[PDB]
Amino acid sequence: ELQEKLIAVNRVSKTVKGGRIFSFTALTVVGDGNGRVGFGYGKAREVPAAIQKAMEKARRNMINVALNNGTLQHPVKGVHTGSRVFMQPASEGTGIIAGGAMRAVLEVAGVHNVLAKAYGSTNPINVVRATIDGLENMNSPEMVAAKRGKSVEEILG
Amino acid sequence: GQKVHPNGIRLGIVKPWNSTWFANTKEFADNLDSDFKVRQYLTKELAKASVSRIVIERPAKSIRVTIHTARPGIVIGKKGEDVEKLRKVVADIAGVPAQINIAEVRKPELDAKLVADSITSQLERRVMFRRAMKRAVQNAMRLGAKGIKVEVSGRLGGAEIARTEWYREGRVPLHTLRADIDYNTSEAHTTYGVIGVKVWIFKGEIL
Amino acid sequence: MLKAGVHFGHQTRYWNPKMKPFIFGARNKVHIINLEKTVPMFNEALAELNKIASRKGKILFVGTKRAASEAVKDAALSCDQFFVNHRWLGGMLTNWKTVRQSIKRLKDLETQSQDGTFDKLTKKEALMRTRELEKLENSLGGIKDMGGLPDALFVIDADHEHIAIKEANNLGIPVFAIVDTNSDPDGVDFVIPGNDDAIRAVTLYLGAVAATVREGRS
RNA sequence: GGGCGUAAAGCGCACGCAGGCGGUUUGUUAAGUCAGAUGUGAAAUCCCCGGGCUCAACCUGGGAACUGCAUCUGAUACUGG
RNA sequence: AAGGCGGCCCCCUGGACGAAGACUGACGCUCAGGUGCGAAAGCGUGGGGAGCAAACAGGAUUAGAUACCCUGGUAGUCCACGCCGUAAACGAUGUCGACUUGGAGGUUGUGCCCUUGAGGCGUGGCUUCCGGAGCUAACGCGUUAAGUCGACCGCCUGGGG
RNA sequence: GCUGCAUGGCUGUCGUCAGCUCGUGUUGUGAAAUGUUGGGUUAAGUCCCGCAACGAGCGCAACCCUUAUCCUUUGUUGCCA
RNA sequence: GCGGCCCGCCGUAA
């Protein structure tokens with residue numbers, strides 16, 4: 001039932017006295033239908049082992065996000081060490097418009113009508129933090145009222 | 001050339017022989033020639049059968065052959081007609097009376113020669129090399145073994161230089177001589193060139 | 001509670017600023033703990049882990065600091081509890097599926113105490129086998145037959161056992177720790193302020209805990 | 001809707017005219033600032049609501065905008081006098 | 001203020017700081033263009049010249065040595081009065097104002113308790129070194145921020161050319 | 001007959017040198033690190049103590065051959081007390 | 001604690 005996606009497979013090398021030894025690394029993201037999402041990065045000597053080693057470590061770390069009818073209304077901007085991201089909610093009928101990794105993450109997260117743009121560096125690992133970027137700090141419409149000690153109506157206005 | 005051969009270094013301690021008999025210095029050459037001729041002739045037609053090894057003994061007056069196979073049904077064929085044909089043709093080869101005995105291989109995925117033949121026959125028909133040796137190792141460890149190692153080298157479909165890969169499990173200590181290792185090899189006349197296979201099986205120590 | 005037999009923090013020179021509201025004005029250049037505040041939440045924290053014992057809490061104790069090292073095992077095994085007292089291994093909780101086989105190894109070895117020299121009488125194996133068996137139970141004495149994943153956990157010294165606390169947070173295991181003026185509340189803050197380096201105080205704490213946990217089951 | 005320790009980038013260091021910015025009130029002030037209404041912002045184009053050419057490009061009807069500019073009155077929290 | 005400042009005595013003169021009190025009443029911050037002060041080397045005129053030492057001369061070493069080593073050695077380094085206006089002129093961090101967990105010190109004012117002493121309660125200024133949150137590509141910085149903000153100014157836009 | 005710079009097997013080689021790696025878990029965005037480091041010891045990653053490591057595999061040694069002392073079985077073609 | 005001793009043709013293994 002969980003949705004899984006594979007993004008990047010790049011060879012990585014290390015040098016020793018006898019020469020160069022190679023390795024493969026893979027980055028994968030695992031998501032539920034409507035809010036649970038997680039990603040995993042796994043080293044290995046061979047590609048299939050890398051995939052089967054990243055899958056389970058991506059399964060363990062699942063994080064929930066609040067959203068309604070395949071979106072949630074918030075102009076959220078996310079920042080990381082090198083990459084900078086920004087996404088905003090769409091109205092309806094629009095698909096999902098975003099970059100490469102962003103497309104997979106927003107697809108398996110459960111959002112179905114959103115607008116997003118990627119600034120800065122385009123390395124897949126840093127932009128994969130789009131989850132942690134805003135979705136972790138995503139704000140709930142009733143939670144704001146709860147912490148302000150008011151009802152949802154007055155907050156909505 | 002780095003490794004001494006495991007079989008030779010253990011031939012007298014924890015290993016049997018393939019042809020135990022006696023002959024003086026005069027009749028060594030013709031005896032060996034007859035042994036080789038019989039072995040190769042038998043190995044030719046029985047390639048379809050899962051033939052493991054052939055044992056030849058001379059009780060100072062006769063020739064006897066022993067065949068180890070996991071598939072005695074085709075080895076004998078429908079009935080003794082195949083065995084009678086083999087005995088008469090080997091009597092033609094060696095005029096001395098001959099007896100044919102058939103052994104049994106209980107575990108086809110044992111007998112490193114047999115698994116080598118299986119994997120090379122798989123590689124004959126254009127299959128990528130990873131799956132074949134992987135499943136061979138899986139079968140070897142599934143039936144219970146304290147060690148397993150497989151080696152392959154040659155042109156693996158690419159024009160570049162020949163590479164060499166090996167997967168191992170358990171313990172396969174070749175520096176301890178009491179340990180029994182089933183080691184053999186085989187080759188296939190592939191389109192890009194001859195590809196050799198090596199297999200080691202550590203059944204267990206012999207005390 | 002009122003016996004005033006518990007000493008106070010190490011020294012104002014070695015003090016952690018994260019514990020400002022749990023302090024009293026120093027008068028001999030030594031911090032004084034606020035016993036008027038230690039008692040209430042200490043009892044309110046005794047409450048739930050007394051209740052947890054009703055759920056077979058399988059609580060553990062860590063006292064590998066040689067000041068309460070002998071005392072922890074006394075309160076340990078009192079009702080049913082367990083302990084570790086030598087060389088806390090790194091990640092035996094997170095990597096439990098690996099260190100489990102060491103418990104299995106000990107459970108295979110101690111049977112050879114009944115027949116380990118009568119199968120073969122070689123004197124060479126006896127000494128090293130005995131030393132290996134003794135070494136294995138020196139650090140796994142209180143864990144020699146656990147099923148794994150203890151529910152609760154009790155700590156004598158926080159910073160001295162920060163590795164255990166960090167190994168507890170990731171797995172969501174509640175923690176009960178005696179925190180002195182040098183440590184800080186970071187883990188599952190069932191904080192128990194009090195002098196960790198005082199045999200009288202630690203013995204009193206252990207006695208109170210052991211009495212509390214005993215009635216958890218019945 | 002960028003940067004200036006090591007990737008490009010803080011004047012060698014000071015004084016200082018013209019400029020930019022302005023502690024806390026009290027009252028006037030209506031300059032900026034905010035709300036109205038009045039006249040323009042042609043036609044033509046674009047959008048919307050539709051029509052007629054076999055639909056259609058093409059043509060046509062009405063509304064929207066024409067983000068501005070001008071005048072009178074009101075508002076005086078904030079900046080300015 | 002920056003460049004920088006060292007035997008002792010005298011003369012003229014500038015700034016910061018502390019404790020307390022009195023007074024004036026926003027008179028403030030930053031500044032394009034302007035003005036002044038800027039290490040060493042170098043230039044002009046007149047004095048001085050112990051030591052050292054560009055240039056230069058011999059002697060060595062080396063395949064060669066034009067250099068590193070040795071023996072000598074003029075300008076200069078010094079003084080008076082004028083130019084020059086550049087330094088890795090570096091904390092490679094522009095000037096003001098405000099807020100944010102700790103510490104060990106050093107130097108210099110001042111108060112109160114036996115001040116007995118070198119005790120402790122403090123309380124201002126400037127400095128040195130670790131270090132939390134936070135920030136950073138990382139190295140690292142961290143109340144003397146590269147943390148959170150406001151005002152003004154000066155600079156940057158691929159590498160060579 | 002051509003092609004060891006297309007190839008299987010077979011050798012030399014550093015070098016009989018003592019090192020070389022993996023599983024799981026923890027540390028950093030990352031290449032990677034830890035284990036394999038520190039105190040003492042061995043011919044040796046041979047061991048003991050301490051340590052975010054806990055364990056594993058090829059390696060080391062050993063199990064092989066011959067020789068160095070005597071004990072048992074048996075004396076031809078071998079021995080003569 | 002101070003004597004001295006220079007160079008290595010162009011492209012090449014995934």
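So you know, we letter chains A, B, ... as the sequences are listed, proteins then strands, and number each from 1.
- Distance noted for atom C1' between E/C52 and E/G3: 26 Å (whole Å).
- Phosphate contact (OP1/OP2 of F/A6, side-chain N/O of B/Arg155, threshold under 4.0 Å): absent.
- Nucleotides E/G134 and E/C141 satisfy the base-pair criterion: a Watson-Crick or G-U wobble arrangement whose two donor-acceptor distances both fall under 3.5 Å.
- Side chain A/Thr81 to base E/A138: no donor-acceptor pair is found below 3.5 Å.
- Pairing between E/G7 and D/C53: absent (Watson-Crick or G-U wobble, both distances under 3.5 Å).
- With the nearest nucleotide of RNA chain E identified for both A/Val79 and C/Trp15, C/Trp15 has the one nearer the 5' end.
- Listed nucleotides: F/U29, F/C63, F/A53. Nearest to the side chain of A/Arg129: F/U29.
- A Watson-Crick or G-U wobble pair does not link D/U26 to E/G131 when both relevant atom distances must lie under 3.5 Å.
- The aromatic rings of B/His5 and B/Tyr183 sit perpendicular to each other, their planes meeting at more than 60°, with 30° as the lower class boundary.
- E/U144 is unpaired under the Watson-Crick or G-U wobble criterion, no partner having all donor-acceptor distances under 3.5 Å.
- Close to F/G57, at under 4.0 Å from its OP1 or OP2, lies no side-chain N or O of B/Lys149.
- Along RNA chain E, the nucleotide nearest to C/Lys29 and the one nearest to A/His80 differ in position, and the one closer to the 5' end is contacted by C/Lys29.
- Between E/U95 and D/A37 there is no base pair of the Watson-Crick or G-U wobble kind with both donor-acceptor distances below 3.5 Å.
- Of the possible polar contacts, one joining the A/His74 side chain to the A/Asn139 backbone as a donor-acceptor pair under 3.5 Å is found.
- When heavy atoms are screened at a 4.0 angstrom cut-off, B/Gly1 is found touching base atoms of the nucleic acid.
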